[PDB]
file data_5.csv (CSV, C-alpha atoms)
chain,number,residue,atom,x,y,z
A,1,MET,CA,7.3,-86.1,-41.0
A,2,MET,CA,6.1,-83.5,-38.4
A,3,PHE,CA,7.6,-80.0,-38.4
A,4,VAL,CA,7.7,-77.0,-36.3
A,5,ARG,CA,8.4,-73.3,-37.2
A,6,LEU,CA,9.0,-70.3,-35.0
A,7,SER,CA,7.8,-66.9,-36.2
A,8,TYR,CA,8.2,-63.4,-35.0
A,9,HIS,CA,6.0,-60.4,-35.7
A,10,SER,CA,5.6,-56.9,-34.3
A,11,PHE,CA,4.5,-53.5,-35.3
A,12,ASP,CA,6.6,-50.4,-34.9
A,13,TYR,CA,4.3,-47.4,-34.6
A,14,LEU,CA,7.2,-44.9,-34.8
A,15,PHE,CA,8.3,-46.1,-38.3
A,16,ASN,CA,4.8,-47.5,-39.3
A,17,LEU,CA,6.5,-50.9,-40.0
A,18,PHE,CA,5.4,-54.5,-39.7
A,19,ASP,CA,8.5,-56.4,-38.7
A,20,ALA,CA,8.0,-60.2,-39.2
A,21,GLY,CA,9.9,-63.3,-40.3
A,22,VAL,CA,11.1,-66.7,-39.0
A,23,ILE,CA,13.6,-67.6,-36.3
A,24,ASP,CA,15.8,-70.5,-37.6
A,25,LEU,CA,15.4,-73.2,-34.9
A,26,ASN,CA,19.0,-74.5,-35.5
A,27,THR,CA,21.0,-71.3,-35.6
A,28,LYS,CA,18.4,-69.3,-33.6
A,29,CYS,CA,19.0,-66.4,-36.1
A,30,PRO,CA,16.0,-64.3,-37.1
A,31,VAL,CA,15.3,-64.0,-40.8
A,32,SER,CA,13.1,-61.2,-42.0
A,33,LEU,CA,10.3,-61.4,-44.6
A,34,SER,CA,12.3,-59.2,-47.0
A,35,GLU,CA,15.0,-62.0,-47.2
A,36,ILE,CA,12.4,-64.9,-47.6
A,37,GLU,CA,11.4,-66.0,-51.1
A,38,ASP,CA,9.1,-68.9,-50.6
A,39,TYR,CA,7.6,-68.1,-47.2
A,40,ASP,CA,5.3,-71.0,-46.6
A,41,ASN,CA,8.2,-73.5,-47.1
A,42,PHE,CA,10.9,-71.7,-45.2
A,43,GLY,CA,12.4,-72.3,-41.8
A,44,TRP,CA,10.6,-75.5,-40.8
A,45,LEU,CA,12.5,-78.0,-38.6
A,46,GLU,CA,11.8,-81.8,-38.6
A,47,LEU,CA,10.4,-82.6,-35.2
A,48,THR,CA,12.1,-85.6,-33.6
A,49,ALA,CA,11.7,-87.5,-30.3
A,50,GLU,CA,15.1,-85.9,-29.2
A,51,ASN,CA,14.8,-82.3,-30.4
A,52,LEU,CA,11.2,-81.8,-29.0
A,53,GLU,CA,12.5,-81.0,-25.6
A,54,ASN,CA,15.0,-78.5,-27.0
A,55,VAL,CA,12.4,-76.7,-29.1
A,56,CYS,CA,10.0,-76.4,-26.2
A,57,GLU,CA,12.8,-75.1,-23.9
A,58,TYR,CA,13.8,-72.4,-26.4
A,59,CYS,CA,10.2,-71.3,-27.0
A,60,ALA,CA,9.7,-71.0,-23.2
A,61,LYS,CA,12.7,-68.7,-23.1
A,62,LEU,CA,10.8,-66.5,-25.5
A,63,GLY,CA,7.7,-66.6,-23.3
A,64,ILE,CA,5.7,-69.0,-25.4
A,65,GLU,CA,3.1,-70.8,-23.3
A,66,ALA,CA,0.8,-73.7,-23.6
A,67,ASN,CA,-2.2,-72.9,-25.8
A,68,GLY,CA,-5.1,-74.5,-23.7
A,69,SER,CA,-6.3,-76.6,-26.6
A,70,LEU,CA,-7.8,-80.0,-25.8
A,71,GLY,CA,-8.1,-80.5,-29.6
A,72,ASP,CA,-6.1,-79.7,-32.7
A,73,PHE,CA,-5.1,-76.0,-32.3
A,74,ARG,CA,-1.4,-76.2,-33.5
A,75,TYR,CA,-0.2,-72.7,-32.5
A,76,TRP,CA,1.5,-71.4,-29.4
A,77,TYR,CA,1.9,-67.6,-28.9
A,78,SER,CA,4.3,-65.8,-26.6
A,79,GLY,CA,2.7,-63.6,-23.8
A,80,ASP,CA,4.0,-60.4,-25.5
A,81,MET,CA,2.6,-61.7,-28.9
A,82,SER,CA,6.0,-61.1,-30.5
A,83,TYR,CA,6.6,-64.8,-31.4
A,84,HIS,CA,4.6,-67.9,-32.1
A,85,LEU,CA,5.3,-71.5,-32.8
A,86,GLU,CA,3.4,-73.6,-35.4
A,87,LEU,CA,3.3,-77.4,-35.6
A,88,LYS,CA,2.4,-79.2,-39.0
A,89,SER,CA,2.2,-82.7,-40.4
A,90,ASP,CA,3.0,-83.1,-44.2
A,91,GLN,CA,0.8,-86.2,-44.4
A,92,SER,CA,-2.3,-85.2,-42.4
A,93,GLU,CA,-1.5,-87.0,-39.2
A,94,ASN,CA,-3.8,-86.4,-36.1
A,95,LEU,CA,-1.7,-83.9,-34.2
A,96,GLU,CA,-3.8,-84.0,-31.0
A,97,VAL,CA,-1.1,-86.2,-29.3
A,98,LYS,CA,1.9,-84.0,-30.3
A,99,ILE,CA,-0.1,-80.9,-29.3
A,100,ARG,CA,-0.8,-82.5,-25.9
A,101,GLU,CA,2.9,-83.3,-25.4
A,102,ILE,CA,4.0,-79.8,-26.4
A,103,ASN,CA,1.4,-78.2,-24.0
A,104,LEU,CA,2.5,-80.5,-21.1
A,105,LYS,CA,6.1,-79.6,-21.6
A,106,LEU,CA,5.5,-75.8,-22.1
A,107,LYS,CA,3.3,-75.8,-19.0
A,108,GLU,CA,6.0,-77.6,-17.0
A,109,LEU,CA,8.6,-75.1,-18.2
A,110,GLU,CA,6.3,-72.2,-17.2
A,111,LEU,CA,6.0,-73.6,-13.6
A,112,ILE,CA,9.7,-74.2,-13.3
A,113,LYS,CA,10.3,-70.5,-14.1
A,114,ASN,CA,7.6,-69.5,-11.5
A,115,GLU,CA,9.3,-71.8,-8.9
A,116,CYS,CA,12.8,-70.6,-9.8
A,117,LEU,CA,12.0,-67.3,-7.9
A,118,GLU,CA,13.9,-67.9,-4.6
B,1,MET,CA,-10.7,-70.6,-55.4
B,2,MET,CA,-9.3,-68.1,-52.9
B,3,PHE,CA,-10.4,-67.8,-49.3
B,4,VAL,CA,-9.7,-65.6,-46.3
B,5,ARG,CA,-10.1,-66.0,-42.6
B,6,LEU,CA,-9.9,-63.6,-39.7
B,7,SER,CA,-8.4,-65.0,-36.5
B,8,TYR,CA,-8.0,-63.5,-33.0
B,9,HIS,CA,-5.4,-64.3,-30.4
B,10,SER,CA,-4.9,-62.4,-27.2
B,11,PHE,CA,-3.5,-62.7,-23.6
B,12,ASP,CA,-5.1,-59.7,-21.8
B,13,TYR,CA,-8.1,-61.0,-19.7
B,14,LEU,CA,-4.6,-66.0,-19.8
B,15,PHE,CA,-4.5,-66.9,-23.6
B,16,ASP,CA,-7.6,-67.1,-25.8
B,17,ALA,CA,-7.9,-67.4,-29.6
B,18,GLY,CA,-10.5,-68.2,-32.3
B,19,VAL,CA,-11.9,-67.2,-35.6
B,20,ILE,CA,-14.2,-64.3,-36.4
B,21,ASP,CA,-16.9,-65.2,-38.9
B,22,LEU,CA,-16.6,-62.7,-41.7
B,23,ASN,CA,-20.4,-62.6,-42.4
B,24,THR,CA,-21.8,-62.4,-38.9
B,25,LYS,CA,-18.7,-60.6,-37.5
B,26,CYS,CA,-19.2,-63.0,-34.5
B,27,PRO,CA,-16.3,-64.5,-32.5
B,28,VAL,CA,-15.9,-68.3,-32.1
B,29,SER,CA,-13.5,-69.7,-29.5
B,30,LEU,CA,-11.0,-72.7,-29.8
B,31,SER,CA,-13.1,-74.4,-27.1
B,32,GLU,CA,-16.0,-74.5,-29.6
B,33,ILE,CA,-14.2,-75.6,-32.8
B,34,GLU,CA,-13.7,-79.3,-33.8
B,35,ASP,CA,-11.6,-79.1,-37.0
B,36,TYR,CA,-9.9,-75.8,-36.4
B,37,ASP,CA,-7.9,-75.8,-39.6
B,38,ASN,CA,-11.0,-76.1,-41.8
B,39,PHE,CA,-13.1,-73.7,-39.8
B,40,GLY,CA,-14.2,-70.2,-40.6
B,41,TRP,CA,-13.0,-69.7,-44.2
B,42,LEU,CA,-14.8,-67.3,-46.5
B,43,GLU,CA,-14.6,-67.4,-50.3
B,44,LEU,CA,-13.0,-64.3,-51.6
B,45,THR,CA,-14.6,-62.6,-54.6
B,46,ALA,CA,-14.4,-59.2,-56.3
B,47,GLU,CA,-17.8,-58.5,-54.6
B,48,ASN,CA,-16.7,-59.0,-50.9
B,49,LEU,CA,-13.0,-58.1,-51.1
B,50,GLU,CA,-13.7,-54.5,-50.4
B,51,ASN,CA,-16.0,-55.3,-47.4
B,52,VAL,CA,-13.4,-57.7,-45.9
B,53,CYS,CA,-10.6,-55.1,-46.1
B,54,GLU,CA,-12.8,-52.4,-44.5
B,55,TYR,CA,-13.7,-54.6,-41.5
B,56,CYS,CA,-10.0,-55.6,-41.1
B,57,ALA,CA,-9.0,-51.9,-41.2
B,58,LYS,CA,-11.7,-51.3,-38.5
B,59,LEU,CA,-9.6,-53.7,-36.3
B,60,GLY,CA,-6.3,-51.9,-37.1
B,61,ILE,CA,-5.1,-54.6,-39.7
B,62,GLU,CA,-2.6,-52.9,-42.0
B,63,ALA,CA,-0.6,-53.8,-45.1
B,64,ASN,CA,2.1,-56.5,-44.4
B,65,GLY,CA,4.9,-54.7,-46.3
B,66,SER,CA,5.5,-57.9,-48.3
B,67,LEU,CA,6.8,-57.5,-51.9
B,68,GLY,CA,6.2,-61.3,-52.3
B,69,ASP,CA,4.2,-64.2,-51.0
B,70,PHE,CA,3.4,-63.4,-47.4
B,71,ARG,CA,-0.3,-64.2,-47.1
B,72,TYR,CA,-0.9,-62.9,-43.6
B,73,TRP,CA,-1.9,-59.5,-42.2
B,74,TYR,CA,-1.7,-58.6,-38.5
B,75,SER,CA,-3.4,-55.8,-36.4
B,76,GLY,CA,-1.0,-53.3,-34.8
B,77,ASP,CA,-1.8,-54.6,-31.3
B,78,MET,CA,-1.4,-58.2,-32.7
B,79,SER,CA,-5.0,-59.1,-31.5
B,80,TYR,CA,-6.1,-60.2,-35.0
B,81,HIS,CA,-4.7,-61.4,-38.2
B,82,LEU,CA,-6.2,-62.1,-41.7
B,83,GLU,CA,-5.0,-65.1,-43.8
B,84,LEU,CA,-5.4,-65.7,-47.5
B,85,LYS,CA,-5.2,-69.1,-49.1
B,86,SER,CA,-6.0,-70.9,-52.4
B,87,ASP,CA,-7.4,-74.5,-52.5
B,88,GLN,CA,-5.8,-75.0,-56.0
B,89,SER,CA,-2.3,-73.7,-55.3
B,90,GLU,CA,-3.2,-70.4,-57.2
B,91,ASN,CA,-0.3,-67.9,-57.1
B,92,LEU,CA,-1.3,-65.3,-54.5
B,93,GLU,CA,1.2,-62.5,-55.1
B,94,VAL,CA,-1.2,-60.3,-57.0
B,95,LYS,CA,-4.1,-60.7,-54.6
B,96,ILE,CA,-1.7,-59.9,-51.8
B,97,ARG,CA,-0.8,-56.7,-53.6
B,98,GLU,CA,-4.5,-55.8,-53.9
B,99,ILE,CA,-5.2,-56.4,-50.3
B,100,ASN,CA,-2.1,-54.4,-49.2
B,101,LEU,CA,-3.1,-51.7,-51.6
B,102,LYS,CA,-6.7,-51.5,-50.2
B,103,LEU,CA,-5.6,-51.6,-46.6
B,104,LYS,CA,-3.2,-48.6,-47.4
B,105,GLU,CA,-5.9,-46.6,-49.1
B,106,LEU,CA,-8.0,-47.2,-46.0
B,107,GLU,CA,-5.2,-46.1,-43.8
B,108,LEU,CA,-4.6,-42.9,-45.8
B,109,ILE,CA,-8.4,-42.2,-45.6
B,110,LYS,CA,-8.2,-42.7,-41.8
B,111,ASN,CA,-5.3,-40.3,-41.5
B,112,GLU,CA,-7.1,-37.6,-43.6
B,113,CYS,CA,-10.2,-37.8,-41.3
B,114,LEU,CA,-7.6,-37.3,-38.5
B,115,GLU,CA,-7.0,-33.7,-39.6
B,116,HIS,CA,-10.4,-32.3,-38.6

call {"tool": "encode", "arguments": {"input": "data_5.csv", "output": "structure tokens"}}
result
Amino acid sequence: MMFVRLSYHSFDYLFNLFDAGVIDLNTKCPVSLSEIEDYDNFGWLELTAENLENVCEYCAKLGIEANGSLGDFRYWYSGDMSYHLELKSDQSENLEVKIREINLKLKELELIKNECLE
Amino acid sequence: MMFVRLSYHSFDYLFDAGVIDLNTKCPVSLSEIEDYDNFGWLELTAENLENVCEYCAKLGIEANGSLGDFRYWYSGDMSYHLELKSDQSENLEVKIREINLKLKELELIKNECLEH
């Protein structure tokens, strides 16, 4: 079962605060670290053949871009570094194929935004 | 056995990322790493803990404000982050508190040298 998690993280220099957590990929509601008890197990979404598209589309809305990996780097960061996406396999599957798929889609979505400037 | 790893990730140049070897302090790109998830880990001991935190602090890595099990530390500019893991599912909460503690001591020290 492959999964996907979307994290947020930033630093507020005014308050000297690290502000991180997970965005629930169903409700799209952010959940801070303070409210998360077992972090490594929290906020994952089962990645399916149908929801892949929807996950990539929402990540593109946050400015998450293809990661340039030809290999097994399973992380995608937003341009402002406020968010990132993470892919995992709970049975040690070779993720190269899903990473390729995600990168193609994110890169397609980035070029549609560039084009949609008319 | 606990281990730590220092990653970098950055857009200012198009995106790049990699691992910084915690001995050699030398950067290694994604392009050059086969099995990224198993790459660049350093065993954490009482002997090196201090040196690791001092280098992290050099990069602006600060305490993560966690009162629990968040095992990551980011730099203010978000260019780097440190990660802690166990290979034996060891509970990490106390080591996280020691790293947080050490990065705050180092931040206080830095703020004191910022008053001439």

call {"tool": "closest_atom_pairs", "arguments": {"input": "data_5.csv", "of": "chain A", "to": "chain B", "cutoff": "9 Å", "atoms": "only C-alpha atoms", "output": "Markdown table"}}
result
| residue | atom | partner | partner_atom | distance |
| --- | --- | --- | --- | --- |
| A:9 | CA | B:78 | CA | 8.3 |
| A:10 | CA | B:78 | CA | 7.3 |
| A:11 | CA | B:76 | CA | 5.5 |
| A:12 | CA | B:76 | CA | 8.1 |
| A:13 | CA | B:76 | CA | 7.9 |
| A:17 | CA | B:65 | CA | 7.5 |
| A:18 | CA | B:64 | CA | 6.1 |
| A:19 | CA | B:64 | CA | 8.6 |
| A:20 | CA | B:64 | CA | 8.7 |
| A:33 | CA | B:66 | CA | 7.0 |
| A:34 | CA | B:66 | CA | 7.0 |
| A:36 | CA | B:68 | CA | 8.6 |
| A:37 | CA | B:68 | CA | 7.1 |
| A:38 | CA | B:69 | CA | 6.8 |
| A:39 | CA | B:70 | CA | 6.3 |
| A:40 | CA | B:70 | CA | 7.9 |
| A:65 | CA | B:15 | CA | 8.5 |
| A:66 | CA | B:15 | CA | 8.6 |
| A:67 | CA | B:15 | CA | 6.8 |
| A:68 | CA | B:15 | CA | 7.6 |
| A:69 | CA | B:30 | CA | 6.9 |
| A:70 | CA | B:31 | CA | 7.8 |
| A:71 | CA | B:34 | CA | 7.1 |
| A:72 | CA | B:36 | CA | 6.6 |
| A:73 | CA | B:36 | CA | 6.3 |
| A:74 | CA | B:37 | CA | 8.9 |
| A:77 | CA | B:9 | CA | 8.2 |
| A:78 | CA | B:11 | CA | 8.9 |
| A:79 | CA | B:11 | CA | 6.3 |
| A:80 | CA | B:11 | CA | 8.1 |
| A:81 | CA | B:78 | CA | 6.5 |
| A:82 | CA | B:78 | CA | 8.2 |

call {"tool": "atom_distance", "arguments": {"input": "data_5.csv", "atom1": "CA of residue 101 (chain A)", "atom2": "CA of residue 26 (chain A)"}}
result
20.9 Å

call {"tool": "residues_around", "arguments": {"input": "data_5.csv", "residues": "residue 43 (chain B)", "least_positions_apart": "4", "cutoff": "7 Å", "atoms": "only C-alpha atoms", "output": "PyMOL selection string"}}
result
chain B and resi 2-4

call {"tool": "closest_residue", "arguments": {"input": "data_5.csv", "among": "B:46, B:25, B:83, B:54", "to": "residue 5 (chain B)", "atoms": "only C-alpha atoms"}}
result
B:83

call {"tool": "closest_residue", "arguments": {"input": "data_5.csv", "among": "A:5, A:61, A:113, A:105", "to": "residue 30 (chain A)", "atoms": "all atoms listed in the file"}}
result
A:5

call {"tool": "atom_distance", "arguments": {"input": "data_5.csv", "atom1": "CA of residue 31 (chain A)", "atom2": "CA of residue 4 (chain A)"}}
result
15.7 Å

call {"tool": "axis_aligned_box", "arguments": {"input": "data_5.csv", "around": "region 43-56 of chain B", "padding_each_side": "3 Å", "output": "lines of an AutoDock Vina configuration file"}}
result
center_x = -13.9
center_y = -59.9
center_z = -48.7
size_x = 13.8
size_y = 21.0
size_z = 21.2

call {"tool": "atom_distance", "arguments": {"input": "data_5.csv", "atom1": "CA of residue 53 (chain B)", "atom2": "CA of residue 32 (chain A)"}}
result
24.8 Å

call {"tool": "decode", "arguments": {"input": "data_5.csv", "residues": "region 14-29 of chain A", "atoms": "N, CA and C atoms", "output": "PDB file, in the first residue's frame"}}
result
ATOM      1  N   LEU A  14       9.973  36.752  13.978  1.00  0.00           N
ATOM      2  CA  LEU A  14       9.344  37.695  14.931  1.00  0.00           C
ATOM      3  C   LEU A  14       9.107  36.993  16.270  1.00  0.00           C
ATOM      4  N   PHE A  15       8.528  35.794  16.240  1.00  0.00           N
ATOM      5  CA  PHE A  15       8.164  35.093  17.469  1.00  0.00           C
ATOM      6  C   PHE A  15       9.225  34.033  17.821  1.00  0.00           C
ATOM      7  N   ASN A  16      10.229  33.838  16.971  1.00  0.00           N
ATOM      8  CA  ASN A  16      11.270  32.825  17.189  1.00  0.00           C
ATOM      9  C   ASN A  16      10.653  31.411  17.187  1.00  0.00           C
ATOM     10  N   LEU A  17       9.675  31.166  16.319  1.00  0.00           N
ATOM     11  CA  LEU A  17       8.873  29.926  16.375  1.00  0.00           C
ATOM     12  C   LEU A  17       9.026  29.110  15.087  1.00  0.00           C
ATOM     13  N   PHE A  18       9.216  27.815  15.277  1.00  0.00           N
ATOM     14  CA  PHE A  18       9.094  26.818  14.242  1.00  0.00           C
ATOM     15  C   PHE A  18       7.632  26.399  14.178  1.00  0.00           C
ATOM     16  N   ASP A  19       7.038  26.498  13.000  1.00  0.00           N
ATOM     17  CA  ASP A  19       5.611  26.287  12.824  1.00  0.00           C
ATOM     18  C   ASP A  19       5.420  25.164  11.799  1.00  0.00           C
ATOM     19  N   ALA A  20       5.346  23.909  12.255  1.00  0.00           N
ATOM     20  CA  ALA A  20       5.216  22.774  11.342  1.00  0.00           C
ATOM     21  C   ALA A  20       4.025  21.872  11.707  1.00  0.00           C
ATOM     22  N   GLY A  21       3.805  20.854  10.868  1.00  0.00           N
ATOM     23  CA  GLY A  21       2.691  19.934  10.961  1.00  0.00           C
ATOM     24  C   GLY A  21       2.363  19.318   9.600  1.00  0.00           C
ATOM     25  N   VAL A  22       1.147  18.785   9.473  1.00  0.00           N
ATOM     26  CA  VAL A  22       0.704  17.982   8.352  1.00  0.00           C
ATOM     27  C   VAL A  22      -0.579  18.612   7.816  1.00  0.00           C
ATOM     28  N   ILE A  23      -0.749  18.615   6.510  1.00  0.00           N
ATOM     29  CA  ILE A  23      -2.032  19.043   5.960  1.00  0.00           C
ATOM     30  C   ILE A  23      -2.810  17.769   5.641  1.00  0.00           C
ATOM     31  N   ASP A  24      -3.999  17.610   6.206  1.00  0.00           N
ATOM     32  CA  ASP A  24      -4.743  16.372   5.918  1.00  0.00           C
ATOM     33  C   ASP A  24      -5.146  16.408   4.442  1.00  0.00           C
ATOM     34  N   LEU A  25      -4.784  15.390   3.674  1.00  0.00           N
ATOM     35  CA  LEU A  25      -5.028  15.426   2.242  1.00  0.00           C
ATOM     36  C   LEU A  25      -6.501  15.139   1.891  1.00  0.00           C
ATOM     37  N   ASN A  26      -7.356  14.779   2.856  1.00  0.00           N
ATOM     38  CA  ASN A  26      -8.818  14.665   2.603  1.00  0.00           C
ATOM     39  C   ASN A  26      -9.494  16.011   2.868  1.00  0.00           C
ATOM     40  N   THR A  27      -9.380  16.495   4.099  1.00  0.00           N
ATOM     41  CA  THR A  27     -10.080  17.719   4.520  1.00  0.00           C
ATOM     42  C   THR A  27      -9.311  18.963   4.061  1.00  0.00           C
ATOM     43  N   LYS A  28      -8.026  18.809   3.736  1.00  0.00           N
ATOM     44  CA  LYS A  28      -7.129  19.930   3.401  1.00  0.00           C
ATOM     45  C   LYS A  28      -7.000  20.879   4.603  1.00  0.00           C
ATOM     46  N   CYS A  29      -7.162  20.365   5.814  1.00  0.00           N
ATOM     47  CA  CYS A  29      -6.988  21.174   7.017  1.00  0.00           C
ATOM     48  C   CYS A  29      -5.607  20.891   7.631  1.00  0.00           C
TER      49      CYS A  29
END
